[PDB]
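Inspection log for the structure reproduced underneath, given as structure tokens.
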Amino acid sequence: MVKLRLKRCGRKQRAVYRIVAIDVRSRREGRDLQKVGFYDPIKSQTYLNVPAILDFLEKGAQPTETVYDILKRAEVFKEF
Amino acid sequence: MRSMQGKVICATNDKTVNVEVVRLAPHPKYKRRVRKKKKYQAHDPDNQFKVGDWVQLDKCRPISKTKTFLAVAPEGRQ
Amino acid sequence: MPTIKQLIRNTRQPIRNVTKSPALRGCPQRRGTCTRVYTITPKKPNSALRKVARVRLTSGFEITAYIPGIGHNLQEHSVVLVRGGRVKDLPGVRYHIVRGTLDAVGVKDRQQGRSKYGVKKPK
Amino acid sequence: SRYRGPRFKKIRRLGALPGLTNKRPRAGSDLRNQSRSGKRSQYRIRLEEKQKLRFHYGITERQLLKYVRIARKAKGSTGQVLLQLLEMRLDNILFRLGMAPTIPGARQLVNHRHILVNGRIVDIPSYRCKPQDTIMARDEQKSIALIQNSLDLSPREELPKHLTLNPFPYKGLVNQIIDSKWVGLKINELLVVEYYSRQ
RNA sequence: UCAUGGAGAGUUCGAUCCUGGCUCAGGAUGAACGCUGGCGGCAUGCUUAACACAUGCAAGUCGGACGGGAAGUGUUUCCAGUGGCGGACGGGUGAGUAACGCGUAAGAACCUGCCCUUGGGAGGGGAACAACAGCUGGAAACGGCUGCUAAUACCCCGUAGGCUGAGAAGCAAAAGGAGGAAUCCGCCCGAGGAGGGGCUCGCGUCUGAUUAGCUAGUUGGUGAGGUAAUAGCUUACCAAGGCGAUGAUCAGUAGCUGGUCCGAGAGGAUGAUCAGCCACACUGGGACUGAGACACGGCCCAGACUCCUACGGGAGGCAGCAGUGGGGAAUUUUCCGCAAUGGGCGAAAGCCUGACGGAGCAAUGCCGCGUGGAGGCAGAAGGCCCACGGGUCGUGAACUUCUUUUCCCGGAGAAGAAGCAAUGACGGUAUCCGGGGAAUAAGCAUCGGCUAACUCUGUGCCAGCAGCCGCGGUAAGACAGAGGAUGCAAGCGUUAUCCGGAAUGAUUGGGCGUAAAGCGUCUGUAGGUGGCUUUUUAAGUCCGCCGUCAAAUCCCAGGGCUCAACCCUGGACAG
């Protein structure tokens with residue numbers, strides 16, 4: 001399926017990452033149905049948009065490694 | 001979408017009618033309302049359309065190369 | 001020309017900005033091969049001996065190009081680098097030759113405006 | 001660049017550039033030839049309002065095109081907003097607070113990294129200040145009293161209403177963006193604005 | 001309130017008004033060349049020959065599917081082979097393609113391994129094929145008999161909410177592995193969904209009439225086949241249709257679009273990097289497997305070309321990354337790393353990624369910064385010019401102090417890396433602290449009008465300049481030099497391409513008595529526009545709501561890099 005994954009969105013030596021739920025066959029910087037999330041590893045926030053991640057994980061788009069690790073920081077996981 | 005109402009041109013083919021469809025269109029650079037005609041092949045198993053009647057085209061499964069519509073009847077609210 | 005039908009046929013179109021250099025036809029300046037290094041005269045109001053090199057280009061044309069500056073090294077079958085720009089006085093000369101580039105030396109002893117003539121700094 | 005050059009030339013040509021590069025008036029031993037006789041084209045007049053602006057703030061002219069594009073880009077009197085984006089320039093403020101005698105003095109005084117702003121150091125003269133800021137010295141500048149020399153010889157002219165100079169704790173802050181009346185230099189905004197219409 | 005936008009000038013003539021053309025002032029380049037050249041941040045880097053390509057690398061993985069063997073001496077690491085997925089993604093180029101290829105908007109006739117949800121099932125047998133051993137052919141590339149072997153590999157029987165058929169009837173499947181177990185990964189048959197594809201259609205999609213007819217599987221219909229699915233997709237027969245002067249057919253050009261640039265605006269030109277879709281992979285043509293290709297680094301054939309050969313034969317596709325050669329005015333390093341991110345495989349460990357993350361060179365561009373700050377008797381040395389009085393270079397320098405962005409010499413020193421720890425190519429980079437020291441750092445155009453800047457010496461229709469007008473035949477504000485000035489600034493100029501100016505293709509916005517221009521006049525087809533009142537539908541029109549026009553860009557407002565460039569978050573008018 002769809003695989004919720006980051007994409008690099010920034011300058012050189014910056015690493016401002018989006019969390020996009022695109023199809024896994026696409027290149028890493030493509031297009032999404034809905035670009036759900038944010039991750040700034042230098043130091044800043046991470047907007048998550050919980051209902052849409054629950055929509056796609058409720059559908060069954062498995063995430064990658066560190067997207068899943070961000071999803072294990074917060075308490076997003078509910079099986080409903 | 002909409003149907004495409006228009007006159008029947010010539011029905012000398014079984015289950016098949018040519019239909020002129022008249023369409024107003026704004027010409028792009030100059031702002032008038034130019035008509036463009038485009039004629040189609042529609043399907044009818046009943047083939048109950050003579051020359052000169054006017055029908056409404058609705059999209060269906062393609063029947064031949066050109067025959068991709070079947071036309072039934074307009075509503076007729078005058 | 002009414003808005004109706006003499007003009008949603010077409011007005012007309014102007015052609016282009018017509019090319020002011022029919023050679024050089026890719027882009028700005030192009031390597032040349034000297035064929036003649038003769039000298040012609042301008043039209044009637046002027047009076048000079050202007051020294052032009054008729055030059056074959058790498059494009060596929062052959063064209064008579066002007067040689068700027070005072071001194072010139074250009075003998076038969078040398079290599080130059082022509083550029084655009086119309087010398088008015090000479091009928092037919094459409095082009096210039098860059099000085100200081102390949103096998104066409106800079107002008108002798110010039111100390112005002114050297115970048116147009118390919119002479120490095122003195123002093 | 002800086003232009004770093006002969007500068008009474010620019011004062012004789014452009015008229016007296018106020019404060020910038022001198023408090024001394026020009027031609028103390030000079031001007032005894034060269035009648036203008038009254039012929040000056042209008043393009044020379046608008047050009048001299050360019051360089052009356054450009055030398056008085058020490059800008060690169062390409063950067064002045066940049067400030068005009070931002071000045072058009074903002075909403076309002078572009079003749080005034082150009083003299084808001086060139087007043088809240090940092091070394092113009094350090095000039096205006098008397099932290100340096102001249103504007104090359106303030107530009108060099110901020111190149112060698114002697115200014116903290118809100119407690120953080122700013123190494124660049126083209127920094128645009130904001131309302132409610134904080135402009136101080138460096139911690140070594142209570143041992144390096146160059147700023148105190150400038151504040152010693154300065155206080156003939158006081159301050160315009162954005163500034164607030166604190167005497168010994170050396171802090172200057174701007175309450176709000178400077179008003180046109182507030183702008184120190186005397187020139188016509190329309191003349192400069194019209195000149196850049198061509199681009 | 002809205003408004004954030006619109007400049008002229010030269011040249012026809014003894015002069016004037018006007019038409020009209022040319023030329024310039026403004027931006028932008030993926031740019032090129034010349035002169036000059038300190039640093040930093042972020043981008044960009046064959047536009048030409050889709051032209052050949054040396055060398056290395058660019059796609060693997062799984063021993064927890066299976067059999068063997070080969071190092072290590074119960075224990076583990078490997079391995080060619082059979083299998084499983086991945087090689088259809090990612091990367092590159094724009095030759096073709098004027099067409100549902102693209103863009104946008106609807107639709108029904110379909111498929112879909114991996115991915116979630118869900119209903120049921122896995123008994124019984126059996127034959128080999130690699131590997132391997134032997135013989136043997138070849139220089140190699142590869143083989144060829146003889147035997148033998150295992151499986152999630154193949155075959156058969158039974159069983160099936162599936163299929164065929166009107167029913168009658170029949171038909172169809174399985175695979176084990178890991179673990180002590182627990183259980184987990186699987187497998188087979190179904191049923192949905194998401195995503196991905198395959199089709200169809202409305203509308204938009206370059207020029208040329210000095211290209212006017214085209215089309216006979218052509219356009220329909222049926223029957224037979226065929227496709228995952230509709231279909232002249234294909235075939236036999238019947239019908240004569242179908243397209244076109246609103247440009248068919250032919251010829252030529254061109255990847256397309258979010259966008260970029262310009263313009264006041266309407267819109268004009270254009271499609272590099274960024275991103276989506278298409279097509280190609282030496283030139284052609286085929287098919288095979290799989291879910292999915294007619295497959296860039298797969299197979300087979302033909303053609304051309306290069307290499308090897310022991311002369312019989314083989315091998316090959318850089319428009320992957322670096323690189324060489326040619327062409328060109330012109331476009332870089334045969335670099336480091338999987339640390340992140342994203343892929344592929346695996347139960348995990350991990351492995352592989354020239355994608356990507358970085359680094360190097362180049363002022364190729366955009367932005368920021370410096371080459372000193374303050375004082376400097378108004379006295380001297382000098383250049384140039386002068387009615388020889390002087391002026392101007394010039395506070396400029398010299399000279400006195402202050403400072404160290406940068407520079408040199410030392411110390412420290414990151415985050416980026418993800419809560420088990422460890423895990424960094426970048427790199428001892430960024431940044432900070434200390435010690436000297438004005439030290440290490442300004443050029444290039446122009447100065448007749450547009451167009452800011454001017455005098456002097458030399459030249460004498462010569463040398464030359466020139467964007468247009470035109471200067472140059474002895475005192476040239478136009479050539480050459482000096483001085484001075486101007487504008488710019490690590491850039492400055494020339495050229496080329498595009499838009500503006502240009503209302504010089506005109507809807508906004510032009511004209512036709514004489515300036516370029518009314519057919520010689522008339523009839524009339526197509527087509528265009530059209531009197532008044534009343535009534536009806538709403539196609540146009542207008543208003544509300546809703547869907548969509550990807551993300552990035554532009555606009556507004558915040559936020560982050562010391563600011564800016566750039567990056568990021570949110571929002572939206574238009575249309």
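Chain identifiers are assigned as A, B, and so on, following the order in which chains appear in the structure tokens; residues are numbered from 1 within each chain, and ligands are numbered from 1 in order of appearance.
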
Need the shell around residue E:310: protein/DNA/RNA residues with any atom at most 12 Å away, counting only C-alpha atoms (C1' of nucleotides). Skip same-chain ones fewer than 6 positions apart. Format as a list in words?
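My list of contacting residues is residues 138, 139 and 140 of chain E.
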
Give me, as JSON, numbers by chain, the contact residues of chain C against chain B at a cut-off of 9 Å, counting only C-alpha atoms.
{"C": [3, 4, 7, 8]}

Could those selected residues go to a file with N, CA and C atoms, as an mmCIF file, in the first residue's frame?
```cif
data_model
loop_
_atom_site.group_PDB
_atom_site.id
_atom_site.type_symbol
_atom_site.label_atom_id
_atom_site.label_comp_id
_atom_site.auth_asym_id
_atom_site.auth_seq_id
_atom_site.Cartn_x
_atom_site.Cartn_y
_atom_site.Cartn_z
ATOM 1 N N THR C 3 -15.082 43.232 -34.380
ATOM 2 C CA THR C 3 -14.913 42.189 -33.372
ATOM 3 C C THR C 3 -15.521 40.880 -33.815
ATOM 4 N N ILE C 4 -16.369 40.937 -34.819
ATOM 5 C CA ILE C 4 -17.102 39.808 -35.320
ATOM 6 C C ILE C 4 -16.485 39.487 -36.660
ATOM 7 N N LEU C 7 -11.948 39.120 -37.497
ATOM 8 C CA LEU C 7 -10.909 39.155 -36.502
ATOM 9 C C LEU C 7 -10.937 37.958 -35.585
ATOM 10 N N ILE C 8 -12.035 37.210 -35.538
ATOM 11 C CA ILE C 8 -11.991 35.837 -35.061
ATOM 12 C C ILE C 8 -11.860 34.905 -36.255
#
```

Within 6 Å of stretch 488-497 of chain E using only C-alpha atoms (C1' of nucleotides), minus same-chain residues under 6 positions, as a list in words:
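Once the nearby chain positions are removed, what remains is residues 27 and 28 of chain C; 444 and 445 of chain E.
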
Find the residues near stretch 29-46 of chain C: any atom within 10 Å, counting only C-alpha atoms (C1' of nucleotides), skip ones fewer than 4 places away on the same chain, and give them as a ChimeraX atom specification.
/C:23-25,50-59,61-67,74-84,87-91,95-98,102 /E:32-33,328-329,461,470-472,495-496

When the cut-off is 8 Å and we count only C-alpha atoms (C1' of nucleotides), which residues of chain D are near chain E, given as a compact mmCIF listing (two decimals) with N, CA, C and O atoms, in the first residue's frame?
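Result file is iface-v5.txt:
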```
# COMPACT_ATOMS: atom_id res chain seq x y z
N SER D 1 30.04 47.27 -1.29
CA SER D 1 31.30 47.87 -0.86
C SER D 1 31.07 48.83 0.30
O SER D 1 30.21 48.61 1.14
N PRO D 6 37.23 59.61 -1.20
CA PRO D 6 37.15 61.07 -1.05
C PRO D 6 35.71 61.50 -0.94
O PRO D 6 34.85 61.05 -1.69
N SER D 29 38.75 75.56 2.66
CA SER D 29 39.77 76.30 1.94
C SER D 29 39.60 76.18 0.43
O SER D 29 40.60 76.17 -0.31
N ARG D 32 36.99 77.91 -5.05
CA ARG D 32 37.23 79.21 -5.69
C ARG D 32 37.42 79.13 -7.20
O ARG D 32 38.32 79.76 -7.74
N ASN D 33 36.53 78.39 -7.88
CA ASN D 33 36.37 78.31 -9.34
C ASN D 33 35.08 77.55 -9.64
O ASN D 33 34.23 77.40 -8.76
N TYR D 43 17.48 65.06 -15.23
CA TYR D 43 18.00 63.74 -14.90
C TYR D 43 19.19 63.84 -13.95
O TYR D 43 19.38 62.96 -13.11
N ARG D 44 19.98 64.91 -14.07
CA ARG D 44 21.03 65.16 -13.09
C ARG D 44 20.44 65.47 -11.73
O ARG D 44 21.00 65.05 -10.71
N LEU D 47 19.18 62.16 -10.32
CA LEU D 47 20.36 61.37 -10.03
C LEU D 47 21.05 61.86 -8.76
O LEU D 47 21.55 61.06 -7.96
N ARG D 72 7.87 49.43 -2.80
CA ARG D 72 6.67 49.25 -3.62
C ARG D 72 5.83 48.11 -3.08
O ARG D 72 4.60 48.18 -3.07
N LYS D 75 2.47 48.37 1.59
CA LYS D 75 1.27 49.17 1.39
C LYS D 75 1.48 50.56 1.98
O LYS D 75 1.73 50.70 3.18
N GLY D 76 1.37 51.59 1.14
CA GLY D 76 1.39 52.94 1.67
C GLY D 76 2.27 53.85 0.84
O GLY D 76 2.60 53.57 -0.30
N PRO D 104 30.20 55.64 8.30
CA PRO D 104 31.29 54.65 8.22
C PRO D 104 31.86 54.29 9.58
O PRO D 104 32.30 53.15 9.77
N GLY D 105 31.85 55.23 10.52
CA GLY D 105 32.24 54.91 11.88
C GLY D 105 31.31 53.91 12.52
O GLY D 105 31.75 53.03 13.25
N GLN D 108 31.74 50.39 10.59
CA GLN D 108 32.91 49.68 11.07
C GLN D 108 32.77 49.29 12.54
O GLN D 108 33.19 48.18 12.93
N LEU D 109 32.11 50.14 13.33
CA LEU D 109 31.84 49.83 14.73
C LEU D 109 30.92 48.63 14.89
O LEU D 109 30.93 48.01 15.95
N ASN D 111 30.90 46.18 12.23
CA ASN D 111 31.64 45.09 11.60
C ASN D 111 32.51 44.36 12.59
O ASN D 111 32.54 43.13 12.60
N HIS D 112 33.21 45.10 13.44
CA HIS D 112 34.08 44.39 14.36
C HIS D 112 33.35 43.88 15.61
O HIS D 112 34.00 43.68 16.65
N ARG D 113 32.02 43.73 15.51
CA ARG D 113 31.21 42.88 16.38
C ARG D 113 31.18 43.42 17.80
O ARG D 113 31.48 42.72 18.77
N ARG D 120 21.93 39.48 22.01
CA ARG D 120 22.62 38.69 21.01
C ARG D 120 23.39 39.61 20.07
O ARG D 120 22.92 40.70 19.72
N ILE D 121 24.55 39.16 19.65
CA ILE D 121 25.43 39.98 18.85
C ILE D 121 24.96 39.94 17.40
O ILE D 121 24.49 38.92 16.90
N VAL D 122 25.04 41.09 16.73
CA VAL D 122 24.67 41.24 15.33
C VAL D 122 25.88 41.77 14.58
O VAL D 122 26.35 42.88 14.88
N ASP D 123 26.37 41.00 13.62
CA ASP D 123 27.64 41.31 12.98
C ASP D 123 27.47 42.09 11.69
O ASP D 123 28.47 42.34 11.00
N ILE D 124 26.25 42.48 11.34
CA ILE D 124 25.94 42.96 9.99
C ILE D 124 25.30 44.34 10.02
O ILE D 124 24.28 44.54 10.70
N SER D 126 23.55 45.95 7.82
CA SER D 126 22.27 46.10 7.15
C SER D 126 21.13 45.48 7.93
O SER D 126 20.07 45.21 7.35
N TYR D 127 21.33 45.22 9.22
CA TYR D 127 20.26 44.67 10.03
C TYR D 127 19.17 45.71 10.23
O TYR D 127 19.45 46.86 10.58
N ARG D 128 17.93 45.31 9.99
CA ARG D 128 16.81 46.22 10.14
C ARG D 128 16.20 46.01 11.51
O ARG D 128 15.76 44.91 11.84
N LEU D 146 35.40 53.27 23.65
CA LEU D 146 35.29 53.98 22.38
C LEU D 146 33.89 54.55 22.18
O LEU D 146 33.73 55.69 21.72
N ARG D 198 11.33 54.00 -13.84
CA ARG D 198 11.90 53.33 -15.00
C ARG D 198 12.46 51.96 -14.61
O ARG D 198 12.34 51.00 -15.37
N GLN D 199 13.07 51.90 -13.43
CA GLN D 199 13.68 50.69 -12.87
C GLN D 199 15.16 50.60 -13.22
O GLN D 199 16.02 50.85 -12.38
```

Among the residues of stretch 20-90 of chain C, find those DSSP assigns to strand (DSSP E) from the backbone and print them as JSON, numbers by chain.
{"C": [29, 30, 31, 32, 33, 34, 35, 36, 39, 40, 50, 51, 52, 53, 54, 55, 56, 57, 62, 63, 64, 65, 66, 79, 80, 81, 82, 83, 84]}

Generate the output file for the selected residues, N, CA and C atoms, as a PDB file, in the first residue's frame.
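Output saved as again01.pdb:
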```pdb
ATOM      1  N   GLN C  29      28.602  34.207 -30.363  1.00  0.00           N
ATOM      2  CA  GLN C  29      29.854  34.475 -31.042  1.00  0.00           C
ATOM      3  C   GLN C  29      30.485  33.159 -31.436  1.00  0.00           C
ATOM      4  N   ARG C  30      31.112  33.136 -32.597  1.00  0.00           N
ATOM      5  CA  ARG C  30      31.364  31.847 -33.203  1.00  0.00           C
ATOM      6  C   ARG C  30      32.697  31.841 -33.929  1.00  0.00           C
ATOM      7  N   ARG C  31      33.396  30.722 -33.783  1.00  0.00           N
ATOM      8  CA  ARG C  31      34.759  30.550 -34.254  1.00  0.00           C
ATOM      9  C   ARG C  31      34.833  30.653 -35.762  1.00  0.00           C
ATOM     10  N   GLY C  32      35.881  31.296 -36.262  1.00  0.00           N
ATOM     11  CA  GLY C  32      35.975  31.574 -37.670  1.00  0.00           C
ATOM     12  C   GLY C  32      37.328  31.213 -38.245  1.00  0.00           C
ATOM     13  N   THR C  33      37.338  31.057 -39.562  1.00  0.00           N
ATOM     14  CA  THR C  33      38.528  30.713 -40.323  1.00  0.00           C
ATOM     15  C   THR C  33      38.752  31.803 -41.357  1.00  0.00           C
ATOM     16  N   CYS C  34      39.916  32.441 -41.321  1.00  0.00           N
ATOM     17  CA  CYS C  34      40.168  33.558 -42.221  1.00  0.00           C
ATOM     18  C   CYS C  34      40.387  33.080 -43.647  1.00  0.00           C
ATOM     19  N   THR C  35      39.696  33.703 -44.591  1.00  0.00           N
ATOM     20  CA  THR C  35      39.865  33.392 -46.001  1.00  0.00           C
ATOM     21  C   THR C  35      40.486  34.540 -46.775  1.00  0.00           C
ATOM     22  N   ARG C  36      39.990  35.754 -46.611  1.00  0.00           N
ATOM     23  CA  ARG C  36      40.623  36.915 -47.216  1.00  0.00           C
ATOM     24  C   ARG C  36      40.754  37.974 -46.141  1.00  0.00           C
ATOM     25  N   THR C  39      40.591  44.844 -47.900  1.00  0.00           N
ATOM     26  CA  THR C  39      40.332  46.176 -47.372  1.00  0.00           C
ATOM     27  C   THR C  39      39.410  46.898 -48.332  1.00  0.00           C
ATOM     28  N   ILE C  40      38.283  47.386 -47.838  1.00  0.00           N
ATOM     29  CA  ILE C  40      37.326  48.062 -48.691  1.00  0.00           C
ATOM     30  C   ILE C  40      37.029  49.445 -48.146  1.00  0.00           C
ATOM     31  N   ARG C  50      38.865  50.580 -44.536  1.00  0.00           N
ATOM     32  CA  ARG C  50      38.520  49.682 -43.457  1.00  0.00           C
ATOM     33  C   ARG C  50      38.880  48.255 -43.824  1.00  0.00           C
ATOM     34  N   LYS C  51      39.486  47.561 -42.875  1.00  0.00           N
ATOM     35  CA  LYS C  51      40.205  46.320 -43.118  1.00  0.00           C
ATOM     36  C   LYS C  51      39.406  45.158 -42.560  1.00  0.00           C
ATOM     37  N   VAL C  52      38.760  44.425 -43.446  1.00  0.00           N
ATOM     38  CA  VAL C  52      37.848  43.370 -43.058  1.00  0.00           C
ATOM     39  C   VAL C  52      38.429  42.026 -43.459  1.00  0.00           C
ATOM     40  N   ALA C  53      38.131  41.011 -42.671  1.00  0.00           N
ATOM     41  CA  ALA C  53      38.521  39.646 -42.978  1.00  0.00           C
ATOM     42  C   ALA C  53      37.277  38.891 -43.403  1.00  0.00           C
ATOM     43  N   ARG C  54      37.230  38.469 -44.653  1.00  0.00           N
ATOM     44  CA  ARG C  54      36.178  37.561 -45.065  1.00  0.00           C
ATOM     45  C   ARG C  54      36.511  36.186 -44.531  1.00  0.00           C
ATOM     46  N   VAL C  55      35.590  35.633 -43.755  1.00  0.00           N
ATOM     47  CA  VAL C  55      35.860  34.562 -42.811  1.00  0.00           C
ATOM     48  C   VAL C  55      34.811  33.478 -42.969  1.00  0.00           C
ATOM     49  N   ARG C  56      35.260  32.237 -43.103  1.00  0.00           N
ATOM     50  CA  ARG C  56      34.370  31.093 -43.020  1.00  0.00           C
ATOM     51  C   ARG C  56      34.123  30.736 -41.564  1.00  0.00           C
ATOM     52  N   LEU C  57      32.877  30.412 -41.241  1.00  0.00           N
ATOM     53  CA  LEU C  57      32.503  30.096 -39.875  1.00  0.00           C
ATOM     54  C   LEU C  57      32.291  28.606 -39.693  1.00  0.00           C
ATOM     55  N   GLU C  62      29.676  31.652 -44.835  1.00  0.00           N
ATOM     56  CA  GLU C  62      30.888  32.427 -45.032  1.00  0.00           C
ATOM     57  C   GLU C  62      30.484  33.887 -45.030  1.00  0.00           C
ATOM     58  N   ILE C  63      31.226  34.719 -44.309  1.00  0.00           N
ATOM     59  CA  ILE C  63      30.764  36.073 -44.054  1.00  0.00           C
ATOM     60  C   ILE C  63      31.951  36.990 -43.812  1.00  0.00           C
ATOM     61  N   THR C  64      31.852  38.207 -44.332  1.00  0.00           N
ATOM     62  CA  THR C  64      32.907  39.201 -44.224  1.00  0.00           C
ATOM     63  C   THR C  64      32.766  39.955 -42.915  1.00  0.00           C
ATOM     64  N   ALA C  65      33.740  39.814 -42.032  1.00  0.00           N
ATOM     65  CA  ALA C  65      33.663  40.426 -40.719  1.00  0.00           C
ATOM     66  C   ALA C  65      34.688  41.538 -40.575  1.00  0.00           C
ATOM     67  N   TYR C  66      34.312  42.573 -39.842  1.00  0.00           N
ATOM     68  CA  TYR C  66      35.171  43.717 -39.603  1.00  0.00           C
ATOM     69  C   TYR C  66      36.239  43.363 -38.587  1.00  0.00           C
ATOM     70  N   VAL C  79      42.719  31.754 -37.311  1.00  0.00           N
ATOM     71  CA  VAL C  79      41.469  31.441 -36.631  1.00  0.00           C
ATOM     72  C   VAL C  79      41.044  32.659 -35.829  1.00  0.00           C
ATOM     73  N   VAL C  80      39.786  33.063 -35.970  1.00  0.00           N
ATOM     74  CA  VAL C  80      39.276  34.216 -35.243  1.00  0.00           C
ATOM     75  C   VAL C  80      38.019  33.819 -34.509  1.00  0.00           C
ATOM     76  N   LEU C  81      37.331  34.802 -33.952  1.00  0.00           N
ATOM     77  CA  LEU C  81      36.115  34.576 -33.183  1.00  0.00           C
ATOM     78  C   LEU C  81      35.176  35.741 -33.474  1.00  0.00           C
ATOM     79  N   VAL C  82      34.195  35.538 -34.331  1.00  0.00           N
ATOM     80  CA  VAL C  82      33.408  36.669 -34.782  1.00  0.00           C
ATOM     81  C   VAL C  82      32.256  36.880 -33.817  1.00  0.00           C
ATOM     82  N   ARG C  83      31.742  38.105 -33.794  1.00  0.00           N
ATOM     83  CA  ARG C  83      30.586  38.455 -32.988  1.00  0.00           C
ATOM     84  C   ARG C  83      29.671  39.330 -33.817  1.00  0.00           C
ATOM     85  N   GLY C  84      28.484  39.565 -33.321  1.00  0.00           N
ATOM     86  CA  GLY C  84      27.541  40.361 -34.069  1.00  0.00           C
ATOM     87  C   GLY C  84      27.756  41.836 -33.880  1.00  0.00           C
TER      88      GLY C  84
END
```

Tell me as a VMD selection string which residues belonging to chain A come within 10 Å of chain E, counting only C-alpha atoms (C1' of nucleotides).
chain A and resid 1 to 3 5 to 17 22 to 35 38 40 to 44 47 56 to 62 64 to 67 69 to 70 73

Counting only C-alpha atoms (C1' of nucleotides), what are the residues of chain E within 8 Å of chain B, and for each of them which pair of atoms is the nearest and at what distance in Å, to one decimal? Sort the table by chain and rising number, as a tab-separated table.
```
residue	atom	partner	partner_atom	distance
E:106	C1'	B:1	CA	6.2
E:107	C1'	B:59	CA	6.9
E:108	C1'	B:61	CA	6.0
E:109	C1'	B:61	CA	6.4
E:200	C1'	B:62	CA	6.5
E:201	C1'	B:59	CA	7.1
E:220	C1'	B:13	CA	5.9
E:221	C1'	B:14	CA	6.2
E:230	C1'	B:62	CA	5.8
E:231	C1'	B:64	CA	5.3
E:239	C1'	B:13	CA	7.0
E:241	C1'	B:13	CA	7.6
E:246	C1'	B:36	CA	6.9
E:507	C1'	B:30	CA	5.2
E:536	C1'	B:78	CA	7.3
E:537	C1'	B:78	CA	5.3
```

Just the residues within 12 Å of residue D:16, please, counting only C-alpha atoms (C1' of nucleotides), with nothing from its chain fewer than 4 positions along; format it as a list in words.
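Returned residues: residues 7, 8, 9, 10, 11, 12, 20, 21, 22, 23, 24, 25, 26, 27, 48, 51, 52, 53, 55, 56, 185, 186 and 187 of chain D.
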
DSSP says helix (DSSP H, G or I) for which residues of chain A? Put them as a list in words?
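After running DSSP on the backbone, chain A has helix (DSSP H, G or I) at residues 50, 51, 52, 53, 54, 55, 56, 57, 58, 59, 65, 66, 67, 68, 69, 70, 71, 72 and 73 of chain A.
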
Saved selection, atoms kept: C-alpha atoms, as a PDB file, in the first residue's frame:
```pdb
ATOM      1  CA  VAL A  50      -4.051  12.418  14.787  1.00  0.00           C
ATOM      2  CA  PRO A  51      -7.448  11.818  13.016  1.00  0.00           C
ATOM      3  CA  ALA A  52      -5.870  11.473   9.589  1.00  0.00           C
ATOM      4  CA  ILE A  53      -3.072   9.186  10.762  1.00  0.00           C
ATOM      5  CA  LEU A  54      -5.822   7.125  12.361  1.00  0.00           C
ATOM      6  CA  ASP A  55      -7.617   7.204   9.009  1.00  0.00           C
ATOM      7  CA  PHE A  56      -4.661   5.801   7.095  1.00  0.00           C
ATOM      8  CA  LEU A  57      -3.470   3.388   9.781  1.00  0.00           C
ATOM      9  CA  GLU A  58      -7.120   2.429  10.160  1.00  0.00           C
ATOM     10  CA  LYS A  59      -6.947   1.697   6.470  1.00  0.00           C
ATOM     11  CA  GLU A  65      10.864   2.870  10.770  1.00  0.00           C
ATOM     12  CA  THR A  66      11.262   6.338  12.224  1.00  0.00           C
ATOM     13  CA  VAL A  67       7.773   7.457  11.296  1.00  0.00           C
ATOM     14  CA  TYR A  68       6.629   4.543  13.457  1.00  0.00           C
ATOM     15  CA  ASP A  69       9.068   5.706  16.106  1.00  0.00           C
ATOM     16  CA  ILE A  70       7.501   9.190  16.117  1.00  0.00           C
ATOM     17  CA  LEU A  71       4.158   7.421  16.351  1.00  0.00           C
ATOM     18  CA  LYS A  72       5.527   5.569  19.384  1.00  0.00           C
ATOM     19  CA  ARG A  73       6.540   8.791  21.126  1.00  0.00           C
TER      20      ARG A  73
END
```

May I ask for the distance between atom CA of residue D:144 and atom CA of residue D:170, given in Å to one decimal place?
13.0 Å

So how far away is atom CA of residue C:118 from atom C1' of residue E:482, in Å?
21.3 Å
